[PDB]
Amino acid sequence: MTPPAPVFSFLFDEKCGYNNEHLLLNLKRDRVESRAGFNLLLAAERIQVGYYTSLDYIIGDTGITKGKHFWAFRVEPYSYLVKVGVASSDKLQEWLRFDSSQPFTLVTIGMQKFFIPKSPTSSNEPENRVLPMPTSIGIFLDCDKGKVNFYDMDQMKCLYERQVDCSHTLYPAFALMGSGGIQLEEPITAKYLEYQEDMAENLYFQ
């Protein structure tokens, strides 16, 4: 099953209390960018050594309680440090100011590289800690099995797979630090339906 599950449709939650000094949502709320922001840059003469840069989290606007759900996104290749995965409401309150009984999961992206958190319970063959960043990354959350899988959509290949606690509501979760960007992707099937609509509604005579 190419997308292993039904495509889960959502947008970035403008109301989750994200840090809007450092994170900017685009007009559709389907892209988030990390920025230094005005307060830092207007005070930049004071910075000669460095600065404590917060990791700024944001979640999707729609929760998962049950079932199998898939979604995909593009991380900007230049991104300093980005995390992507899932998080329960409990964990979110910390971030927003055995594996199976851990209620979140994140992989780290940066420098156009995908970082595999760990490989336990799989001695088969030495696996890379660093992979090239896929132009498009997929997540499959299976609440029945309590598993989350991360996919390189360029190669159609699972990169990482982990037990996760689904006893409570889970949200698509993201975090950005330094400059970076994440764009939520729509399946090509959505594009072909958009085209039908544009031709049906918006094709006039001269």
All-pairs Cα distance distribution in the chain, expressed in whole percent, bin size 5 Å: 1, 7, 14, 17, 18, 16, 11, 7, 5, 3, 1, 1, 0, 0
Region 43-60 residues near the modelled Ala36 label - backbone nitrogen below 13 Å, point 7 Å along Cα→Cβ: 43-53
Mean ellipticity per residue at 222 nm, deg cm²/dmol - from DSSP H runs of n ≥ 4 across the chain, formula -39500 (n - 2.57): -3500 deg cm²/dmol
Order of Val32, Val130, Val7, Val107 - criterion: other Cβ atoms within 10 Å of each residue's Cβ, fewest first: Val130, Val7, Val107, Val32
Ranked list, fewest to most other Cβ atoms within 10 Å of each Cβ, for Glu194, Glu45, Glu76, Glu161: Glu45, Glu194, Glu161, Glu76
Centroid-to-centroid separation of region 76-117 and region 148-206 [C-alpha atoms, Å]: 17 Å
Furthest towards positive pole of dipole, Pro77, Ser89, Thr62, structure part region 32-105, Cβ charges: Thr62
Neighbourhood charge, 11 Å Cβ-Cβ cut-off, centred on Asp99 and excluding it, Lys, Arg +1 and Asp, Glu -1: +1
Trypsin sites (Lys or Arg not before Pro) within region 103-137, DSSP loop, no more than 13 other Cβ atoms inside 10 Å: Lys118, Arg129
Charge tally in the Cβ shell below 13 Å around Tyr195, where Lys, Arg are +1 and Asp, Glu are -1, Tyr195 excluded: -4
Diffusion constant of region 6-83 at 37 °C, which comes from Stokes-Einstein with the Kirkwood Cα-pair radius and 0.692 mPa s, µm²/s: 221 µm²/s
Surrounding net charge for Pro117, when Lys and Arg each add one and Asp and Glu each subtract one, Cβ distance under 12 Å: +1
Region 187-198 - phi-based ³J(HN,Hα) in whole Hz, Karplus 6.51/-1.76/1.60, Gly and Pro as x: x, 3, 5, 5, 5, 5, 6, 4, 4, 3, 5, 5
Proxy reagent accessibility, fewest Cβ within 10 Å first, across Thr2, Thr105: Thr2, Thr105
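Neighbour counts are summed over all protein chains in view; Cβ atoms, including those assigned to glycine, are modelled from backbone coordinates with ideal geometry. The numbers here are math on the coordinates, done by the rules we state, and not lab data.
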